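**Student:** My sequence and its experimental structure, below.
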There are 2 protein chains.
Amino acid sequence: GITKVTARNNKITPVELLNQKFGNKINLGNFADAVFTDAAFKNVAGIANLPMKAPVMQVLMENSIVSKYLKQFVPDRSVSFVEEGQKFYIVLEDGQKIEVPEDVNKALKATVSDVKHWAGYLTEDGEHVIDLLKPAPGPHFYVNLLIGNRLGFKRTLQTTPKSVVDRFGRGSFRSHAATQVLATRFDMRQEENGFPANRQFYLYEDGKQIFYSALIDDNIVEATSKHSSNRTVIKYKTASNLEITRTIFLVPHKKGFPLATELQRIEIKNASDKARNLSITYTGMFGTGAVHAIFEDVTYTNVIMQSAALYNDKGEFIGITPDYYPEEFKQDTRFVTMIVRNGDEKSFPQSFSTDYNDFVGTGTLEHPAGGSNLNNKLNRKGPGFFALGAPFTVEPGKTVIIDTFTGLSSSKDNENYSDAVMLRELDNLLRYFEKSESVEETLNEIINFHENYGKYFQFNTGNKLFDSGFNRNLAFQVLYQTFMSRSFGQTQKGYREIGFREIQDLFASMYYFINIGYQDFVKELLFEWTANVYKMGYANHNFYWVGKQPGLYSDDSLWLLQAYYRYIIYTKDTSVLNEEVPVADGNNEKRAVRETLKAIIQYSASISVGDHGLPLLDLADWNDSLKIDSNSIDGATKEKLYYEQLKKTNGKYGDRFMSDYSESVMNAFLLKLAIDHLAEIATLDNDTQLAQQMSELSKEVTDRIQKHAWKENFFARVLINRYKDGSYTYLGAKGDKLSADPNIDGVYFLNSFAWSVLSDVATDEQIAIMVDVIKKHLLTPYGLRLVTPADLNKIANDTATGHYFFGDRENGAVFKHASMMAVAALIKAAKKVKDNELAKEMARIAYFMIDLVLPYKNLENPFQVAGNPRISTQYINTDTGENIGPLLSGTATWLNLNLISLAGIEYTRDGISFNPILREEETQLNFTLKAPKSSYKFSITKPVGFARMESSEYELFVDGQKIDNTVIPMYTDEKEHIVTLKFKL
Amino acid sequence: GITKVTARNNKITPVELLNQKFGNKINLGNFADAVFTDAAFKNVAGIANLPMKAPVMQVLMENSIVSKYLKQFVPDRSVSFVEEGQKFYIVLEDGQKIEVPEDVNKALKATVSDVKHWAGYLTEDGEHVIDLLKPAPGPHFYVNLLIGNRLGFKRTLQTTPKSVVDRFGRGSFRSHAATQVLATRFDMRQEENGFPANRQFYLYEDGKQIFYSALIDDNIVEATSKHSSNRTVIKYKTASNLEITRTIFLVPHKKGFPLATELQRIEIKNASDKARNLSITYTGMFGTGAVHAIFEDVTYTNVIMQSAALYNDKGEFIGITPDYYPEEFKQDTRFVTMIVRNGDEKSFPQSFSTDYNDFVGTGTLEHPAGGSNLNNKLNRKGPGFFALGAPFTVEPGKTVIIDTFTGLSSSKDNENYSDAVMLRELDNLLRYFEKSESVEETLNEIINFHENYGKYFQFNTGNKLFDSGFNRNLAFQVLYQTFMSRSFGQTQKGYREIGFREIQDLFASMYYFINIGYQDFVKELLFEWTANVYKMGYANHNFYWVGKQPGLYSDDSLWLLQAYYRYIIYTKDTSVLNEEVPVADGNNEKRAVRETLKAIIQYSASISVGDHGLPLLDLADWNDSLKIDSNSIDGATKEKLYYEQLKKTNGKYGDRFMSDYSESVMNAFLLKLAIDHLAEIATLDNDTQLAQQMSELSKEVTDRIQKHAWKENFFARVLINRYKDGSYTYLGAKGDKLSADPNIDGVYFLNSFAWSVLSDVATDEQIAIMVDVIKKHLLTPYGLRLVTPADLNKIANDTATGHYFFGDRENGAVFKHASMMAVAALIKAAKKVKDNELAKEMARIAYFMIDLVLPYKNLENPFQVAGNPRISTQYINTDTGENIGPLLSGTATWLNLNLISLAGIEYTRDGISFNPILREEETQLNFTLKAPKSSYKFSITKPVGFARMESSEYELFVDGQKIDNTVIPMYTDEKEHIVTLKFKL
Ligand SMILES: [Cl-]
Ligand SMILES: [Cl-]
Ligand SMILES: [Cl-]
Ligand SMILES: [Cl-]
């Protein structure tokens, strides 16, 4: 009877049908576009010889002339557009070639003239210029992220405002935690992040709507947007010679200011020869305080709040605020205010509206019926919709400025908070910005701050796109992820706390902060993370104001050692070891940092270990899908049981916790790295005995890993101890009998090899074997996948079936974070392996994987790979090659680390270890580095081909003096030092 | 500095300013409209002498001519429009009167011509006719509810489809539980219930959009909607002489049909003299299976599903379905299909689109750029947006029909479910509706079913609006609430289970169902509710497939006795007492219904009692705000502790559970009523000894209530036992020291009096005293409020400080359910009190309260009271008088019961007790009643003034024979009996 055909089961594509029908008749070129003309997929209509893949037929069908002309042929007849000479022809399946009329030819040429830049382009500074009339390659492609600046104030990690702005100005604005200033929309589409009325405005002339900022109509002749670092600029040109500019950014915090403030400046210039009397209506929607009640009870959200008006000391209306009855929703107060600067005179809105139904009327949001006549009625219910209207006359050649301040004041930064505090802070903010030039000065301050922040490491390679992407975009993303973790984004709209392992972000940004005089901020972050470690050694999984989920995951506390090692090595500041930080257990208890690190190592190395001595897997580790044990316990219950066992067995503290739980090998690698880091810290702190115990413990752990985790072709991922019959003993190598692919003998994890190399456990032969294995199995045309297919139901029957189609997330996708860690391991191995061929192959693999994650390269084939040309995405779909969000992940952090490492810079106790690994085709690499008391200018020259310090003669000069030691000293003479490296044939 | 003025603090209204500026100059009439011209509220513009309150100035400002004319006076001057001699003038504050121009006069006369019908009107059948161009009085005013018909199938209460449709066809469509067929929107506004594209379509001619069903533009000359019982009809007329009709309803279930199916028929008639070639694009959005992930992870919702196409046996495309990868989301399969009927020719959609971005393009949803050229591309991701396009030619004077079937198949009605089951069921449904007249036959079947269902009680007064509201609208609402409880609505969008006390709905609908041959359905509902009672006597608070929250609330199980008593009294079917129903404890255990009722009575009367012997309050009772005890326990904990106490103290089953918890007096009234009901059931079942024990227990309970609950003016609400010092001992009468109002001595609860009268506990003197107290304190101009202000923090210092402004919900609002119970108590008292003046006063109060809840009376002042002219709302705002939803509540059930009781019909062991209570101004009341084997025609005549059988001589005739007994026998002779009552002065 009725049959069903799915999207993935439809094998034939329109382009394939077009190639079949017209391949031997016309030259299809390298790229072409096509569309099915009917629901039976029998006939196609397309255009040939495109410069790149693009939805050209979708744009063509929107043209009335072209669609009307095509109606003579389609459906029931396949046609193709072909350009010959300077004219366009239509070709049918019978070989007939017909010259199109003049209007059709003109429309076709105008459409296909600029296909190469349909998705935009990047300037020399890495800013993305977007045409507002073009289709979006993906939901994250045209997204910009804005952040505040709470440096030097309390609770910087928890109180920094955040915002997401798209190409049209749409998006949302959030204060501390998940508090909303502008409304966030939770709907079916990924493109709808906020309420559609946010940040939009209307322009009226003579009572007729002449402009809407979120709708490009026939009266707009030019409309472009520019995404830059922490600011967005949108430009419009109208047919009546009006030039409109919108600049959106976030105000850096000053004393007496509200906690969150977003500034939008609208400049309207009259390029005509006649004065024009216009009016502006700026609209928006406040975010509700009862987010759960949106899904629970919308009427509750509506009836608990009302609208209120704000007046200055002269009694003039200035803006609207939402007023809440319940006390819990009175701890934050929102506001929106408008100032109209006409030449030297200042004015304030003359009308307002607070009801969506009255404002829209019988029209739509794009053409509201009551937009030009605001009723000045204060709504007694929610939601907090607002529309402020003001008239103004602009003279020929003159400009009128409109400054809108949206924001929120909170009790999180004030004592005895009330609405009076909000009024005082709003008065301070308005007095600060009473002059026109103050907004420009603040914008310049933001730009200069980010430019100076990015100065720690500067690339100079001639490739402007790469230099801009690293020096500006990547540095900003690292700062943003340091301040925000993974809590906000275009599609990250729920409430999320800061994860412990997200300390990984501080692995990259700290060197930047220390280089702008904010070493104390890095110390504060380190102590804040240390405060979430319990006395035994486990840590809270998440924390925003307080910690939660104690010891839920077994790998969390082991990441802190890497951050402490990085900070102490870079700064040589061991005094942080003596700092007394509160313990996560509580009850006014404090411990020295050194003792906390010792407790972490002891917990992961002696107490929470399995039969083979490797750390217990517990519920899971870094890999969230490794739910091998269904009877796992957290830190608190494990501690209680451990104390019970100690009292029963009459043992001593530090003994093994008896159990039959599984062991994590990646946890063992992390523990070994942490032990080595603590040994280095102790020997830097003149703690000889502690260094000795750390060294012997590291040797013992390495012996255990080599004895019990190496399975003759790979390092295992999990060791299983609960099957006494021997049915299953390990997972993550050959012979584990858990592979779900008949053609693959065993399961293989990328992280196993990555952290075997990173922890300096694997040997050269093991490195070569694992590299061969990952080349055979884990390498895909779109990168390196996290893991080969596995059948975990045999050992854990409680695991459910899959949730994703092939190529998505857990079903064979390429996760860029894990791939970046693997690339770091490959670089580290290639820097020191004896075999030159193995090093060359590993460097080639690393560069191949790096080329797939650089955001700017997303603009080469934007409509196939999607992603974002300035911000890193999460993973790559192995079925289509498309980059899919969210935009916040460890990809940016580990990519920055990998690029710096490939430049050859490493930090050790003796100073700067230099060991660059350049591309085979590269012949020159120049960059500049900053140190707290010096600067370095590195230049490297080499011939075409692979070259490295390990197996190639070279000349190294520091300050013009030839040197043999590759460790550059960390100078403190406040002088610039020139370093030159030359590779010979 | 900056000051803030809230909506409630702005005392001066525009109408007050208009009255103070023009009151002594022109005649403003009884009603007027006004609007502030500026944000300083200094000047006003308005229109005088309106027939009723309406937003006339909002509509006037939308007129370009009127707005342009007004722009020459406002905002600097205050103006008023006045009609004098069919000519409009404008009046200024200086006394100047100016005749408006001709166009302004024409627009003004056209606008205010039909102000009285701006919110619509009701037909003789109670159907609401709505103009699509007029403002909505409230978010629930233009809402219609549609329900399916699963009678005679399995799990009717859990599998009946439901739908909400507004005046434009917007809304949503749901299946079993909260399963969505069409997408539900969770946003800030109450008006947005579903996705905007649901049930909407576009009409194109020559590639240009000529019609959109959700937007009224200048090309539409007529646009009206009609809300009827279980169907919605919308009509449009275009300037090009096109007549469009949409009919939306739900298909009653048949064997082999899908579980949920919504049918929309679109008829397009060409009233011109030329044949027209048009095309239709019907759009919509499927509901997602991962509702929580919408707020959690929108990308997850997008990537777990794809689009698929459906083809018939001939290989022709017929529709779109969403295909899910995860197993848990594969248990339901959605579908949308289209059929085009051109005379006898049948055709299917020729194109489709499944991407929102491609469909909308550079336009909007109202004017999509790719609407006329669907790309026929199956989306690989979500959401399930669909748009089906088909062309057709309509001849002059001819009609083209388009039938769209949306729906869902589920595993809840099938075994070994897969998509093949959905395909087979869809094939069955399409085969059933292959003829054009099948849709009309199904619609007529629905109409006839509801007409026949409403025939149990038929009023035959002269109002013709009250008759329609009761006979059709109220009966349908009672049926809808019986099937749906309080789970769905315009603003009720979350997932809700069936509450136990919602058995109250069956109090009213059962007599209807029994009278259409569905007594077995009522028995099934009774047994389903009985299955949720535990062995001890408590019950689950909620249940959809299984019960949950055992014994959480102390009043739940006591409501079942009333339902059983009603059923047994009406049907005389005591065999239900012998039925073996599973107990809620489980483990294959069954108990007779009689034993379950006995256990309920024993639990509420002997075990779960306090110091005074009244039932324990536990967490709460019917009143959810009575959280007096913060250490309350549920049924399971209480049972475990009771067994521990019994074993410790060597007691026996049936002894009191020792504690110091509070006691609920309303629970005591419910228990007394249940005991009386069980006594009546026992004596009807020839169970003499059980009747004797029930009688003595009822006497003991009455003695306890009279001794311990009556405090010198009122019946207390809660008895407090945890203060040995005597600081607080009771709440809900005079002297409880818990009043929050200094002018009120004590707190007073309406339900206390209501259920004292309803349980036949209060005496005549107590009734008079409580009536006086209610008139003094609990009576407001907008009805009877639930409770006087109270300060519960003195005994329960853990509750919040309040969530609502004055007049909303818990803060002094009039809850219509509690008011209806109080009205029932007033009617019952007035039917039997000795004092004629007291009975007259109580009847007057009851009728005054009833006049405030009748939905049709909402059309008298629609723009002030709002509500819904056909469906009851929840409560009335005591600050403004506005009716606020949701539309589902016990108001409808108790209003139906109250109206039937006021008609004088009661059911007792001897038959029909007759005791009408008519309005003072009424002089004639005729109605018809149905009994399972007979029919009655009641006529009552009386002079002007209060009259009742208690204190007035009368003549009663049955079948022409004068009788003295007022109990009409329940005849079973299948004949109509005439009953006549005459009241004489
Ligand atoms: Cl994101
Ligand atoms: Cl892993
Ligand atoms: Cl509702
Ligand atoms: Cl109550």
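**Tutor:** Nice, I can see it. Numbering: from 1, shown residues only, chains lettered A, B, ... in the order given. Ligands and ions are numbered 1, 2, ... in the order given.
**Student:** C-alpha from now on. contacts and neighbour counts both.
**Tutor:** OK.
**Student:** Take stretch A:849-859, keep the C-alpha atoms, and write them as CSV.
**Tutor:** In CSV, the C-alpha atoms belonging to stretch A:849-859 read as follows (Å, rounded to 0.1, in the frame of the first residue of the first chain):
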residue,chain,number,x,y,z
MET,A,849,43.8,17.6,11.1
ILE,A,850,44.6,21.2,12.0
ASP,A,851,43.5,22.4,8.5
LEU,A,852,40.0,20.9,9.2
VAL,A,853,39.4,23.0,12.4
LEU,A,854,40.7,26.4,11.5
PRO,A,855,37.6,28.6,11.4
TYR,A,856,38.7,30.9,8.5
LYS,A,857,39.1,27.9,6.2
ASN,A,858,35.3,27.5,6.7
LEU,A,859,35.0,30.2,4.1
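**Student:** How about residues contacting it?
**Tutor:** Counting by CA atoms under 8 Å, 6 or more residues apart in numbering or on different chains, stretch A:849-859 makes contact with A:119-122, A:465-466, A:469, A:782-784, A:816, A:819-820, A:823, A:865-872, A:895, all of which sit outside it.
**Student:** The nearest residue in space to residue A:185 that is not next to it in sequence and residue A:487: what is the separation?
**Tutor:** The shortest distance from residue A:185 to any residue other than its chain neighbours is 4.5 Å, reached at residue A:194 (CA to CA, 6 or more residues apart in numbering or on different chains). Summarising the geometry, the distance separating residue A:194 from residue A:487, computed by CA to CA, to the nearest Å, is 16 Å.
**Student:** Which one of those two is surrounded by more residues?
**Tutor:** Counting neighbours by other CA atoms under 10 Å in any protein chain shown for residue A:194 and for residue A:487 shows that residue A:194 has the greater number, 23 against 19.
**Student:** since we're on the closest residue to ligand 3 within the stretch 1-150 of chain A, how many residues are nearby?
**Tutor:** When distances are taken as CA to the ion, the stretch 1-150 of chain A approaches ligand 3 most closely through residue A:139, which lies 33.8 Å from it. Residues within reach of residue A:139, counting by other CA under 10 Å, total 20.
**Student:** List the residues that contact it.
**Tutor:** Contacts for residue A:139 (CA under 8 Å, 6+ apart) come out as A:190-191.
**Student:** And it, its phi and psi?
**Tutor:** The phi/psi pair for residue A:139 (degrees, to the nearest 10) reads phi -70, psi -20.
**Student:** same check, this time on residue A:203
**Tutor:** Recorded main-chain torsions at residue A:203 are phi -120, psi 130, according to degrees, to the nearest 10.
**Student:** Neighbours of residue A:77, how many?
**Tutor:** Applying the criterion other CA under 10 Å, we find 14 residues in the vicinity of residue A:77.
**Student:** Does it touch residue A:90 like I think?
**Tutor:** No - because the distance of 11.8 Å does not satisfy CA atoms under 8 Å, residue A:77 is recorded as not touching residue A:90.
**Student:** Strands of the stretch 351-500 of chain A, residue ranges please.
**Tutor:** For the stretch 351-500 of chain A, the strands defined by DSSP state E, counting those that start in this stretch occupy A:351-353, A:385-394, A:399-410, A:457-460, A:498-499.
**Student:** can you check the stretch 101-250 of chain A too?
**Tutor:** Secondary structure of the stretch 101-250 of chain A, counting by DSSP E, counting those that start in this stretch: strands at A:121-122, A:128-131, A:143-147, A:162-166, A:171-174, A:201-205, A:208-212, A:220-228, A:231-238, A:242-250.
**Student:** For chain B, which of those strands is the nearest?
**Tutor:** Between chain B and those, the shortest gap by CA to the nearest CA is with strand A:208-212, which sits at 8.7 Å.
**Student:** Is that closest one in proximity to chain B?
**Tutor:** No - residues of strand A:208-212 are not located near chain B by CA under 8 Å from any CA of the partner chain, the shortest gap being 8.7 Å.
**Student:** Okay, now the sheet partners of that strand, with direction.
**Tutor:** The sheet places strand A:208-212 alongside strand A:201-205 (antiparallel), with pairing taken from DSSP bridges.
**Student:** And the strand it pairs with, what's buried?
**Tutor:** For strand A:201-205, burial by neighbour count (16 or more other CA atoms under 10 Å in any protein chain shown) applies to A:201-204.
**Student:** For that strand, list the C-alpha coordinates in PDB.
**Tutor:** Taking Å, rounded to 0.1, in the frame of the first residue of the first chain, the C-alpha atoms of strand A:201-205 are listed here in PDB:
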ATOM      1  CA  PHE A 201      13.500  49.500  15.600                       C
ATOM      2  CA  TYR A 202      11.200  51.200  13.000                       C
ATOM      3  CA  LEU A 203      11.500  54.400  11.200                       C
ATOM      4  CA  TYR A 204       8.400  56.400  10.200                       C
ATOM      5  CA  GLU A 205       7.900  59.400   8.000                       C
END
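**Student:** Can you give the contact residues for it?
**Tutor:** With contact meaning CA under 8 Å, 6+ apart, strand A:201-205 is reached by A:209-213, A:277-283, A:371-372.
**Student:** Next, the angle from that strand to strand A:385-394.
**Tutor:** Compare the direction of strand A:201-205 with that of strand A:385-394 by axes from the mean of the first three to the mean of the last three CA atoms, to 10 degrees and you get 40 degrees.
**Student:** Find the closest residue to chain B in the stretch 301-450 of chain A.
**Tutor:** Nearest residue of the stretch 301-450 of chain A to chain B, counting by CA to the nearest CA: residue A:308, 3.9 Å away.
**Student:** That residue falls within a helix, correct?
**Tutor:** No - for residue A:308, which was evaluated using DSSP: H, G, I helix; E, B strand; the rest coil, the result is strand, with no helix membership.
**Student:** now it, which residues is it bridged with?
**Tutor:** On the basis of DSSP bridges, residue A:308 is bridged to residue A:321, residue B:6.
**Student:** Now do the same contact list for it.
**Tutor:** For residue A:308, the contacting residues are A:320-323, A:378, B:4-7, by CA under 8 Å, 6+ apart.
**Student:** if you set the cut-off to 10 Å instead, what comes out?
**Tutor:** Residue A:308 makes contacts with A:319-323, A:335, A:354, A:377-380, A:384, B:4-10, as judged by CA atoms under 10 Å, 6 or more residues apart in numbering or on different chains.
**Student:** Give me the phi and psi for the residue nearest to residue A:26 when sequence neighbours are not counted.
**Tutor:** In this structure, residue A:26 finds its nearest non-sequential neighbour in residue A:82, 7.7 Å apart by CA to CA, 6+ apart. According to degrees, to the nearest 10, the main-chain angles of residue A:82 amount to phi -140, psi 140.
**Student:** on that earlier part again, quick one, which of the contacts of residue A:308 are buried?
**Tutor:** Those of the contacts of residue A:308 that meet the buried threshold are A:319-323, A:335, A:354, A:377-380, A:384, B:4-7, by 16+ other CA under 10 Å.
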